[PDB]
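Novice: Dropping in the first section of the assembly, placed as in the complex:
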Amino acid sequence: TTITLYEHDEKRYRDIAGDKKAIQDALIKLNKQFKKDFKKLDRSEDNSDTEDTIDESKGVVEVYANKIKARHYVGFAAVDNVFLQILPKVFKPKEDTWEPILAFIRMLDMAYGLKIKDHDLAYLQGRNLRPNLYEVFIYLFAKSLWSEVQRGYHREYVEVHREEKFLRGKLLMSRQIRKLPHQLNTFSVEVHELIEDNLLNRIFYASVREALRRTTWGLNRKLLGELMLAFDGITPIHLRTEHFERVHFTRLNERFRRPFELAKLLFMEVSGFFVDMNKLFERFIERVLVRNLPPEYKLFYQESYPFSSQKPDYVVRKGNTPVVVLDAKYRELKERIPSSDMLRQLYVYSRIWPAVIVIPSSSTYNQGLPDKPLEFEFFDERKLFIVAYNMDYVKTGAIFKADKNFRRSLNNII
Amino acid sequence: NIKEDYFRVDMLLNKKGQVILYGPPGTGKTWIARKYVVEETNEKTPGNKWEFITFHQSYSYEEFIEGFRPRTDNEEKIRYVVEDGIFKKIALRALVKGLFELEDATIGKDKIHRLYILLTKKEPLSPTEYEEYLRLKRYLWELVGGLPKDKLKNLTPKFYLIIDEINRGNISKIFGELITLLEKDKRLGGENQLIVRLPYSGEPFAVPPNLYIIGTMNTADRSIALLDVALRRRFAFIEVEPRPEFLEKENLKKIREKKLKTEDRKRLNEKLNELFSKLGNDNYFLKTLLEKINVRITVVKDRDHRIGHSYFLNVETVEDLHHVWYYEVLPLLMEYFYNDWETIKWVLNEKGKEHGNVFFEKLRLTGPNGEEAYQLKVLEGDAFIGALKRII
Amino acid sequence: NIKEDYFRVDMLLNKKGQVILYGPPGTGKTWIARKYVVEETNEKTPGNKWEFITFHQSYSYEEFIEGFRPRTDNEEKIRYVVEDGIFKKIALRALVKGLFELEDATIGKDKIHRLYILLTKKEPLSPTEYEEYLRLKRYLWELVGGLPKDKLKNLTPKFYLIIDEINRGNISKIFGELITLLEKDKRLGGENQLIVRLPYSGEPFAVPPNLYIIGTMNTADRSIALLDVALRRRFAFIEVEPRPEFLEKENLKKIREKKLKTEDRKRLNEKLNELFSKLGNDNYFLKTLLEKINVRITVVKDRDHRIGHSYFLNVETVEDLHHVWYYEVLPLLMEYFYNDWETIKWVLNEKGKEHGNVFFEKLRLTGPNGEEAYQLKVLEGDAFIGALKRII
Amino acid sequence: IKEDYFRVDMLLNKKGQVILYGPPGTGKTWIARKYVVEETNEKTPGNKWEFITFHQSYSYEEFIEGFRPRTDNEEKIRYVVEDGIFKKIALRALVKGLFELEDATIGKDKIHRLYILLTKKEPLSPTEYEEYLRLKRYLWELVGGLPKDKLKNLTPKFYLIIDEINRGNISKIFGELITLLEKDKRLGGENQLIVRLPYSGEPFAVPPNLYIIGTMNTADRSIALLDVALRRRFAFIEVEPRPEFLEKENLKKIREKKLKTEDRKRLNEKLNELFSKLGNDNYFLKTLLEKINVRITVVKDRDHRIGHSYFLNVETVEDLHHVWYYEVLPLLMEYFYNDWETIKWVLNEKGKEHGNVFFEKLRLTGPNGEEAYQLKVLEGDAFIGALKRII
Amino acid sequence: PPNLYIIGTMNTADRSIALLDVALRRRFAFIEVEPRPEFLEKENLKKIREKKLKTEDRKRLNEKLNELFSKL
Amino acid sequence: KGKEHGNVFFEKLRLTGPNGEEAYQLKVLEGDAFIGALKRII
Amino acid sequence: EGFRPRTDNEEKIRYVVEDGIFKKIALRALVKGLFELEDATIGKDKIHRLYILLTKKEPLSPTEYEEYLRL
């Protein structure tokens, strides 16, 4: 069964496909698996409460008696033929669930640091496939591999001190001089032969073999079927985490960086990955600000310690003199005013940095939308200047029209 | 319609110089290449005018052109004389056999005929005549460089070389000196005559315009990720399609009677009439079965993974069709789809069927995470024919 | 011929010392390396003035400049001697031929002539004269140590080493010592005369300024491409783009009658007039056909996987264009886009077409999970030109 | 000028063996060849210094010692162990250092007999090779009975200037030398090591004369000296690609160093004609290499920078055109193979698509919305206007 | 010669039949020797062990197998 | 980590990459300014 | 088929080509099959000499090995 969630959204167990007992068995393994692998991913003002909440089967999904509720952890996971995918709530609409997939991967393209191509994703737009995050990241792995295997096969050179019936390469002399004449019929050479089954090819044969076994599309089954035939002579391996560390990216296999990072993102039971929606917006806004703020340079994660260090998500300073704090919040900001938890942190970030502070918030049809300019000016009775900026999201499309509107509102703010 | 396939090879082999009969296995690519050379140069065996040679994964350049090899010398201790491979024993042979018919006033025809004897010698070279072989080979490449390009295009004996399974070996490593030479222009006598200096023996070497290197590439193994520049431009690729037109009643009768004898063709007529009467009196059954199963292969997987037509070409009864479907089609079908079951039953259009007359029946015990494993099921008699009559 | 690709090789090889003609397959890279050296040295065969070798993955460092190679003597069969490769037999040949017209070798001009005989000797070196060869070699590097740099700047011959497919071998390993000699001011006579010490023989070695190295690498493959940044400085890369301008009506008559200067110029001209008259009297058809494929390959594939102008150069008739399409470049296009059918339909500009006069017909049978693949169609006649007029 | 010369001379007395590492295209082999020539007054290799260079087939058996068949009699091929390139230097640098000592090494007839059999270019006959192998056993019986004060100060400085030290498998080539390449583990040091060789079994120790100045490139990161125990031995001199030499005056000072005022007047008016076409600015090629090396530092790494061996041999604007389109733009395209919006940014033509751009945009597009550019060969003064926009 | 038949034997716990070399899945013809549990009955285990032993060993083999399956 | 200019071994290059990357360069110091860049480690 | 060393009456090592397993069973299947052929009776004495030599073990001297290579 395929189940899909948006951030802070619920599904009924009666309407859902499959079995009632089957889905709740899949989740308790996933929330437990998120507990052991929680510390690998960074957060930003998450209020995670690592001791109590995550180990109570509330790590990724809150499984309840009457419904199934998603926390603010975005991504996907495939467990026990119950494929779960959690999209952001910002891309929620009012092919009907194919626009938020390419919106989320493009927000996973710019924020998280991936180097995927837009024409890789635009190939899938309109082919009426079943929307699934695991079916597209296997495709993004398989297409970027088959576009990097079609040119060259990555045959890397190792040297072997082999006793050959012929003579290839440099003849070892200290091993041939001390050769008895009863065994003179084989040369003892040290040939730098190119092997096809290197460590990077043992991984990509194993990463395809664990992908074709767990794929469900009709496009990925054809593409991984051609990749497995190209890797036919390679002896297979069992994938571990030691194999993904033992290879290093030099200049002769640098073009295999794009399929390998996606092969490390999906393989290392469980499959997939999860990230916090607060930090992914904190990373995504950081791409927008430094591009859109020419007058003043901006650094993310600068920290100033009170008295326990409370650090802003981003601060922009021209040289050192202007202190314009920019704290990225994923909150909906209901009733056109910041909440108690938000404005209390905005007060501290301005005071310990005469410092204006701007809060960027999400804006679409689903999320709360303010007017086009800088919506809310606030003073906290200390000559402060709190500006509520809102970035519109044309990221569901491929054109960046809202970046010009975000620059025009920031130019009036700067 | 096989003389056009002996003309499709023949029109490309005088224009590009060498071909590759690429196609799915069980088609006749080895048989078309072998029965074209035997029909052209009337020599039923290898050796003199053509040499059959297959490739493998551990085949190296030193076995093909030349390499240092230990060789015994008159039942005594070994020496380390450099041995010419299987190509250089026929590339030099195609030169010195063509240089008989050339009437020039500089040919050492007594010396060239002595070199031709030492090249066709089936025994290995003894050191009393190996130095006579290397000295006469030195006279050959002093003579070839002195002949003009006008007298090195019309060499009469067409030498051949059936490279079987050319994609199985590493093609760019075997053809070391033969991905700069195997063009029609880079041969001897052409406009771009190149005599390439070899690394091991140190003597210059150039392919003559007689040698045509026919290749028979299986493409269900070590697929189309080829060299794509060197081993793809030189070879004029001929697709040998798996033709189900040879699987009718008359076409199976015509194939198995021409190679047959007097008493064999009457028994092959009685056997094939018994076979197709058990199938439903369908004279076009095995054609329609192979054509239907080939369309399902080219839709799901690649178009060059189709089941060929050399398998069903040697059937005479239902029991022989059973032993070619369960040992040369269904193990071959489970090889292409990498032990998949939900798409291997759509090829037989048995996607929504289980536990009946199906070639892959579901086991009635699912796994822990809801997975299911199918199992091959042997059939017999009219149950198997009813399992074949719903593939169409 | 002398306009661009000759006058920019000769200017750049005389300035840098080494030229690599990198470019996609089907372009005149081996040809412009062969034509430039033969038109310079006036020797249409290898040997004395120039040597044409080619690299591969079985090529050794020990067989290039210096290595231990076991020879076959008479009474001691296994005798391990150090044998100079092909580069040390062309670098020492370029040195002792250039040192015939010097004025500081006045004690051993007979010794330099005797050393030149031992290097031009194609017979294998007997061990009674190999020590005479080694005594003259260590006399040579004593003589260039006492030679001034003003007299080693101008050596009047011009020796060449056309290595072909340089990028195939392990170029960091084959050029062992040559990764620090191959520069214009690091040969003999340059501003930094470097005489390095070879490992095996223990004799010093330095590339003369007489020598030039014209590599022709291929850049369609990527796992063998030359990314050694310390080696790309030594060479001087010349991109030979595949020019479709050699496929016009006036250009095919000028390229094919320059080489074939026989009395068949009336035969080629009336055949090339008949070929373009069947193409709609379009004198720029094959120029437009190769241009509208190479641009459409550049945008989706890499820019170095383009179709060259050596496929469509040897066309004569529509029957010959049909043979070079369906058997050389259409299996090549199915190798670039291997079961990526929406791309290969678009490269031939048949994206919306799925029936009729088209190369790839759509199958009328879709798959289980919504996949769909196409099928070749062997066209002929004016319908084939109607499938080529849609590309341009 | 003499700063890189003196910096090599300081570290070759402190650590013992210097390594000039840097991006390819700078003066690494040149400042290593000019150092050894100006310090030993010997322009060709020989006794006082020997140039070698490493590769993957430069194994241990031919560098220090290994078995080598050698008979010099055309009969009775004697399978004897012969010393490599290094041990023929370190034994030569020792027995040349045992001349100037007064009375510590009492071998004044037996050391000079060993030196004349070590510098002998003709290969050793077996009637004198038994003398060479017997005197070498006397040498390591002599060394060991000398005080460290009469062994630390050996006068004549020997140099084994090697090249591409990273290119060979350096932990395999350096065998017994992996523990002897410190300044205090040599002969005469505080902790001398008479280490034993495997094959011949005769002991061995490096003299304090022999300095190993070894140049390497660090753009190939596939083969860089990442062994952390062969970075303690060597002293790593940074040789960055310095664009200060590509001025008008600094290019006139370098290129007119050895011409004897014959072609120097031709070179002076040729550089006057080059910079008159670049815009009458003496500082063009300095900031051209600077704005490329900075823009290639922030993208690829610090180590893939364009050197100054490319642009140093330009004379006219035509020779700059033939070093741009044929040496560095094919180099810039193979850093970024089919990575087009990056290589457009190194030339900072990122908004420029058509016109005087090196990479014009193809008028076609893709089926999935992709695009790719095409290299545009520019000529004339339009090439300089396409080049001055980089600065 | 056409006499020489090549009867292979393949322990496929480590290497599957799809993981062979490509000139082994087409030149040869594969027979799956399935693990038959029907050789482990009470009467089938007696008949298999009756071929190797003698007559007096068979009554001891009969009594031991009767002692085995009574405990199970 | 916060020092990007002045007495520091690695100055920051003034422009960033096209997609948010930024590299440094090894600044050679001398004298007491080197010690002032060394005593801030401890 | 391969190379294998062999002593010649306590002398230096003499290399000789000794057939492996597959060639010793393929040649044995040939010379045993030619007994019951009516056309191969032109050399029935010499073929039978080969079959006795091909089933015995350790050919000790070259006088029967050169007989073996002649047959």
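Specialist: Great, that's in hand. Residues are numbered from 1 along each chain as shown, chains lettered A, B, ... in the order given.
Novice: Now do the end-to-end distance for stretch A:181-191.
Specialist: End-to-end distance of stretch A:181-191 (Cα to Cα, to the nearest Å): 23 Å.
Novice: in it, what counts as buried?
Specialist: Neighbour-count burial for stretch A:181-191 flags A:184, A:185, A:186, A:187, A:188, A:189, A:190, A:191 (criterion: 16 or more other Cβ atoms under 10 Å in any protein chain shown). C-betas here are computed from N, CA, C, even on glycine.
Novice: Also within reach of chain D: list those from these.
Specialist: residue A:190 (Cβ under 8 Å from any Cβ of the partner chain).
Novice: could I get the buried residues of stretch A:181-191 as TSV with secondary structure?
Specialist: Shown next, in TSV, are the buried residues of stretch A:181-191 (DSSP: H, G, I helix; E, B strand; the rest coil):
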residue	secondary structure
A:184	coil
A:185	coil
A:186	coil
A:187	strand
A:188	strand
A:189	strand
A:190	strand
A:191	strand
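Novice: Closest one to residue A:22 out of the buried residues of stretch A:181-191, please.
Specialist: Taking Cβ to Cβ as the measure, residue A:22 sits nearest to residue A:191 out of the buried residues of stretch A:181-191, at 56.1 Å.
Novice: where along chain A do the helices fall?
Specialist: With DSSP state H as the criterion, chain A has helices at A:20-36, A:99-110, A:118-121, A:133-149, A:174-177, A:199-212, A:220-230, A:243-246, A:257-266, A:277-292, A:340-351, A:402-413.
Novice: Quick one: closest of those to residue B:126.
Specialist: helix A:174-177 (25.4 Å).
Novice: picking up where we left off before, of the buried residues of stretch A:181-191, which is the nearest to residue A:148?
Specialist: Distance to residue A:148, by Cβ to Cβ, is smallest for residue A:191 among the buried residues of stretch A:181-191, at 27.3 Å.
Novice: And the residue of the stretch 251-400 of chain A found nearest chain E, how close does it get to residue B:261?
Specialist: Closest to chain E within the stretch 251-400 of chain A is residue A:267: 19.8 Å, counting by Cβ to the nearest Cβ. Between residue A:267 and residue B:261 the distance is 61 Å, computed by Cβ to Cβ, to the nearest Å.
Novice: Comparing these two, which shows the higher neighbour count?
Specialist: residue A:267 (19 against 9; other Cβ atoms under 10 Å in any protein chain shown).
Novice: okay, now chain H:
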Amino acid sequence: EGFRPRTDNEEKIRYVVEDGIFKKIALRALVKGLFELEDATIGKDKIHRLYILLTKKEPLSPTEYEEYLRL
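Specialist: Let me add chain H to what's already shown:
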């Protein structure tokens, strides 16, 4: 087993087949097994001679190596 040179005559260095450890221990187990067997009494006075040659803790002498070969 493999080939080793021996201390034969001066100009007559010979390559014999000196047995290793596994052949020597399996022969020694076979010789000691047949030494106490009842039906192998045809040459039991020579099997004890072969046992002394196999427990000989030194390289075998060339004047009696053929006695080891014949036994």
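Novice: now that chain H has been added, could you go back to the buried residues of stretch A:181-191?
Specialist: Buried, per 16+ other Cβ under 10 Å, within stretch A:181-191: A:181, A:182, A:184, A:185, A:186, A:187, A:188, A:189, A:190, A:191.
Novice: now that stretch: how far from the chain's centre is it?
Specialist: 53 Å (Cα atoms, centre = their mean, to the nearest Å).
Novice: what's the neighbour count on the nearest residue to residue A:282 once chain neighbours are set aside?
Specialist: Take residue A:282 and drop its neighbours on the chain: the residue closest to it by Cβ to Cβ, 6 or more residues apart in numbering or on different chains is residue A:328, 4.3 Å away. Counted with other Cβ under 10 Å, residues neighbouring residue A:328 total 26.
Novice: Repeat that for the one 10 residues further on.
Specialist: Counted by other Cβ under 10 Å, the residues lying close to residue A:338 total 21.
Novice: Can you tell me, leaving aside adjacent residues, what's nearest to residue 362?
Specialist: Using chain A here. With sequence-adjacent residues excluded and distances taken as Cβ to Cβ, 6+ apart, residue A:362 is closest to residue A:90, at 4.5 Å.
Novice: nope, chain B
Specialist: Among residues not flanking residue B:362 along the chain, residue B:354 sits closest, at 4.3 Å (Cβ to Cβ, 6+ apart).
Novice: Quick check on that neighbour: phi, psi?
Specialist: Phi and psi for residue B:354, reported as degrees, to the nearest 10, are phi -160, psi 150.
Novice: Can you get me a residue count around it?
Specialist: Residues lying near residue B:354 (other Cβ under 10 Å) number 15.
Novice: any idea how far it lies from residue B:385?
Specialist: For residue B:354, the distance to residue B:385 (Cβ to Cβ) stands at 20 Å.
Novice: Please apply the same query to residue A:177.
Specialist: Distance, residue A:177 to residue B:385, by Cβ to Cβ: 71 Å.
Novice: residues in contact with the closest residue to residue A:181 other than its chain neighbours?
Specialist: Distances taken as Cβ to Cβ, 6+ apart put residue G:13 closest to residue A:181, at 4.9 Å, once the chain neighbours are dropped. Residues in contact with residue G:13 (Cβ atoms under 8 Å, 6 or more residues apart in numbering or on different chains) are A:181, A:182, A:184, B:77, G:5, G:6, G:7, H:3, H:15.
Novice: Closest one of those residues to chain F?
Specialist: Distances from chain F to those, taken by Cβ to the nearest Cβ, are shortest for residue A:184, at 55.7 Å.
Novice: Run through the residues that contact the closest one.
Specialist: Going by Cβ under 8 Å, 6+ apart, residue A:184 touches B:70, B:77, B:78, C:78, G:13, G:15.
Novice: okay, chain I goes in next:
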Amino acid sequence: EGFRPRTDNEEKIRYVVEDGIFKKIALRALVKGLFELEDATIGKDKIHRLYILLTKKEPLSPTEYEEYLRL
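Specialist: Chain I now in position relative to the chains above:
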């Protein structure tokens, strides 16, 4: 321990077995160990003859290696 060819002045290549670094320390520690005590190590001149033939700087002659193998 390994094999090593050794042609001295005019003899043939007699393939001697040369002890490596470790056995020339292990035998040298054992022989210098037994040289100081006297419980049952008879032949103190014989043990001293083995110690001289272990600290030889020159390679061993075949008239001296054979007595070194016996000791």
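Novice: again for the buried residues of stretch A:181-191, since chain I is there now?
Specialist: By neighbour count on 16+ other Cβ under 10 Å, the buried set for stretch A:181-191 is A:181, A:182, A:184, A:185, A:186, A:187, A:188, A:189, A:190, A:191.
Novice: Chain A against chain F: which residues are in contact?
Specialist: Close to chain F, as judged by Cβ under 8 Å from any Cβ, chain A has residues A:286, A:287, A:290, A:302.
Novice: So residue A:111 is in contact with residue A:278, correct?
Specialist: No: taking Cβ atoms under 8 Å as the definition, residue A:111 is not a contact partner of residue A:278, at 11.5 Å.
Novice: Residue A:304 is in contact with residue A:352, isn't it?
Specialist: Yes: under the criterion of Cβ under 8 Å, residue A:304 makes contact with residue A:352 at 5.1 Å.
Novice: between the two, what contacts are shared?
Specialist: Shared contacts of residue A:304 and residue A:352 (Cβ under 8 Å, 6+ apart): residue A:310.
Novice: which residues touch the residue in chain A positioned nearest to chain H?
Specialist: Residue nearest to chain H within chain A: residue A:182 (3.7 Å; Cβ to the nearest Cβ). By Cβ under 8 Å, 6+ apart, residue A:182 lies in contact with G:5, G:13, H:2, H:3, H:15.
Novice: can you tell me the distance between the two ends of stretch B:77-94?
Specialist: 33 Å.
Novice: So is that stretch next to chain I?
Specialist: No: using Cβ under 8 Å from any Cβ, stretch B:77-94 stays clear of chain I, coming no nearer than 13.0 Å.
Novice: coming back round to it: export the residues of chain A next to chain F as TSV, with columns for neighbour count.
Specialist: As requested, those are arranged in TSV below (neighbours: other Cβ atoms under 10 Å in any protein chain shown):
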residue	neighbour count
A:286	21
A:287	17
A:290	19
A:302	16
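Novice: The residues you listed: which two are farthest apart?
Specialist: A:287 and A:302 (17.2 Å).
Novice: Might one say that residue A:181 is in contact with residue G:14?
Specialist: No: with contact defined as Cβ under 8 Å, residue A:181 does not count as touching residue G:14 (10.0 Å).
Novice: Can you measure across stretch B:294-306, start residue to end residue?
Specialist: Terminal residues of stretch B:294-306 lie 5 Å apart, using Cα to Cα.
Novice: Actually, stretch B:229-249.
Specialist: With Cα to Cα as the measure, stretch B:229-249 spans 44 Å from end to end.
Novice: Work out the gap between it and the centre of the chain.
Specialist: Offset of stretch B:229-249 from its chain centre (Cα atoms, centre = their mean): 11 Å.
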